[PDB]
Amino acid sequence: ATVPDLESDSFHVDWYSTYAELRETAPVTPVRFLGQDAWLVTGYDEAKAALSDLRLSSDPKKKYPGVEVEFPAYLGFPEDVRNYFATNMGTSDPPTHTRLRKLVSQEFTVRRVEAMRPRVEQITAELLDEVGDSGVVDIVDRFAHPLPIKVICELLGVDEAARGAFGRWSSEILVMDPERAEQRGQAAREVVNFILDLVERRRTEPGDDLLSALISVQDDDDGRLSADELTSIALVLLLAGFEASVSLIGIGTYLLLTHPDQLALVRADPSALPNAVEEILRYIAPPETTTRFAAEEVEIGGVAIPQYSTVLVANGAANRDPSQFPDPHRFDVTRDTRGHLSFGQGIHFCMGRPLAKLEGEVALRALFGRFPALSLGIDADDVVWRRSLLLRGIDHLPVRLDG
Ligand code: HEM
Ligand SMILES: CC(=O)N1CCN(c2ccc(OC[C@H]3CO[C@](Cn4ccnc4)(c4ccc(Cl)cc4Cl)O3)cc2)CC1
């Protein structure tokens, strides 16, 4: 047989056409990625089933007798830094996942997120004040990127001289290219060091930020976060804030720009924006694939996935399955986006959803409300998509402001 290589351009060039080809053939198929065998789930019901099946583990630290598996997200990571990237919610199974998420939810609340709205709006304004009212700028470098970064650094207590460097490290981590495994491995060690110092300074000089809060947080029955847990959680929260929202803002900007009809609806009806963000996420989900490990043999969509297999649930392909979303290839701000898998499903549902939504809505609202003539600086076909199945995105998007 012929087995798909997730590394081929087929998974980075007009890739939603490949996903449809696979899904129509077999919703759960064996593939190859980074020179390793895995199972790609492209169908909606299959993705949902897999995400809900706890026999499919999210913990990369677990050792199985005779099995030695290296999951793609940890390409080139030395075991010690891997552990630092994997001692948090998303890399745990119950009951560890349960308490870690419980303790963090006590401080990472909707109240804390909502309380930052004026600041998020203030930051958005300033950024837009300095881009100009005429010419072609890189809306990603000048807007989509700095906004999320300033927000997360304030939430976490990351100073000005720290950002930027950290940024080039997380960008490297986003690519899983076997030829750069060393460089990727190095950037991961830098991020881990950075975080170690951040937490150390924070313990020494307390404040009212989220990190300070996580350090003192404790529960009667669950106790507190150990040093390692605290470190890994911080690294993971900082990582998400630095990259997740950028993809949303940038992709969102590109979609509204390429869909005048949809944009106009938003402009006319501001109350339409919240669901517009939901459609953007469903259309081109940043976390294209999520990973699971079959601790036991599991049957998904009529296919038995052998024990000790690595499953790549393609959240993005699932969002374009006609059985769930009719005319999935149609970007429609009015569509019923209920049930999409861009924020996860089950126990690992994205806990940063409130923050992502706030930043996304405020940003696009300001961008488009401020520049009623905003247009794309390049040919839509010439847009370069980041080659990452971990977090899809656009690193450079030239837009013309005045016309
Ligand atoms: C557009 C933005 C975002 C998208 C599309 C997104 C997507 C996801 C997905 C798909 C998962 C589930 C992973 C899995 O099932 O393996 C997840 C988990 C998570 N996300 Fe996000 N996320 C976004 C923003 C953020 C932000 C901004 C934060 C935090 C500051 C965040 C923090 C997390 C955390 C901590 C988890 C793990 C939850 C758990 O395992 O219980 N995410 N996110
Ligand atoms: C077994 C195995 O290999 N697994 C199982 C665990 N899975 C998993 C899922 C989510 C997860 O989230 C951690 C948090 C920290 O940031 C994110 C990514 N992100 C962005 C928005 N929401 C999530 C993230 C995650 C991984 C990487 Cl490399 C980069 C990034 Cl920015 O997830 C961490 C691990 C996937 C890997």
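Side chains are part of it too, since the values below use all heavy atoms of this structure and drop only hydrogens, waters and symmetry mates. Start at 1 and go down the list; that is how both ligands and their atoms are numbered. Positions are given from 1 along the sequence.
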Could [X] and [Y] be called an ion pair, given the rule that one side-chain N must be under 4.0 Å from one carboxylate O?
X    : Y    : answer
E114 : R117 : yes
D327 : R335 : no
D53  : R292 : no
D177 : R387 : no
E172 : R184 : no
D5   : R32  : no
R353 : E278 : yes
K150 : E359 : no
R282 : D336 : no

- request: Answer side chain, backbone, both or neither: which part of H348 comes under 4.0 Å from ligand 1, heavy atoms only.
  value: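 Near ligand 1, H348 shows its backbone as well as its side chain.
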
What protein heavy atom sits nearest [atom], and how far away is it?
atom                    : result
atom 22 (N) of ligand 2 : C350 SG, 4.1 Å
atom 13 (C) of ligand 1 : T290 CG2, 4.1 Å
atom 21 (C) of ligand 2 : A244 CB, 3.4 Å
atom 6 (C) of ligand 2  : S58 O, 2.9 Å
atom 3 (C) of ligand 1  : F343 CE2, 3.6 Å
atom 7 (N) of ligand 2  : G90 O, 3.6 Å
atom 29 (C) of ligand 2 : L239 CD2, 3.8 Å
atom 23 (C) of ligand 2 : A240 CB, 4.7 Å
atom 13 (C) of ligand 2 : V236 CG2, 3.7 Å
atom 26 (C) of ligand 2 : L390 CD1, 4.5 Å
atom 7 (C) of ligand 1  : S342 O, 3.3 Å

query: Of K62, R55, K61, which meets salt bridge (charged side-chain N to carboxylate O under 4.0 Å, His left out) against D93?
result: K62

field: Sub-4.0 Å heavy-atom approach of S58 to ligand 1
entry: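 It does not; every heavy atom stays at 4.0 Å or beyond.
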
query: Does even one non-hydrogen atom of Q345 get within less than 4.0 Å of ligand 1?
result: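 No, that is not the case, since the closest heavy atom of the residue is not under 4.0 Å from the ligand.
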
- prompt: What do you reckon, does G90 have a nitrogen or oxygen under 3.5 Å from a nitrogen or oxygen of ligand 1?
  reply: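 In this structure, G90 places an N or O atom under 3.5 Å from an N or O of ligand 1.
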
Only heavy atoms of [X], strictly under 4.0 Å: list the atoms of ligand 1 that pass.
X    : value
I347 : 41 (O)
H97  : 39 (C), 40 (O), 41 (O)
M89  : 35 (C), 39 (C), 40 (O), 41 (O)
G344 : 10 (C)
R101 : 38 (C), 39 (C), 41 (O)
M351 : 34 (C), 35 (C)
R292 : 14 (C), 15 (O), 16 (O)

- prompt: Can you tell me if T87 and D228 form a side-chain donor-acceptor pair at under 3.5 Å?
  reply: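 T87 vs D228: no donor-acceptor pair found between side chains.
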
task: May I ask you to check whether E288 and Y19 show a side-chain donor-acceptor distance below 3.5 Å?
output: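 Note: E288 and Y19 side chains meet the donor-acceptor criterion.
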
task: Output the list of atoms in ligand 2 that are nearer than 4.0 Å to some heavy atom of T91, sorted by atom number.
output: 33 (C), 34 (C)

- request: Tell me whether the centres of the aromatic rings in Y74 and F71 are closer together than 6.0 Å.
  value: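 No, too far apart.
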
query: Would a line drawn from the ring center of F33 to the ring center of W39 be shorter than 6.0 Å?
result: no

field: Pick from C350, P148, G352, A244: the one approaching atom 42 (N) of ligand 1 most closely through a non-hydrogen atom
entry: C350

- prompt: Does at least one non-hydrogen atom of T290 fall below 4.0 angstrom from an atom of ligand 2?
  reply: no

- prompt: Measuring to protein heavy atoms, does anything land under 4.0 Å from atom 18 (C) of ligand 2?
  reply: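 False for atom 18 (C) of ligand 2.
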
query: Counting only heavy atoms on the protein side, is anything nearer than 4.0 Å to atom 1 (C) of ligand 2?
result: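 It does: a protein heavy atom is found less than 4.0 Å away from atom 1 (C) of ligand 2.
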
task: Locate the shortest heavy-atom distance separating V246 from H145; write the atom from each residue and the value.
output: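 Heavy-atom minimum between the residues: CG2-CD2, 3.4 Å.
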
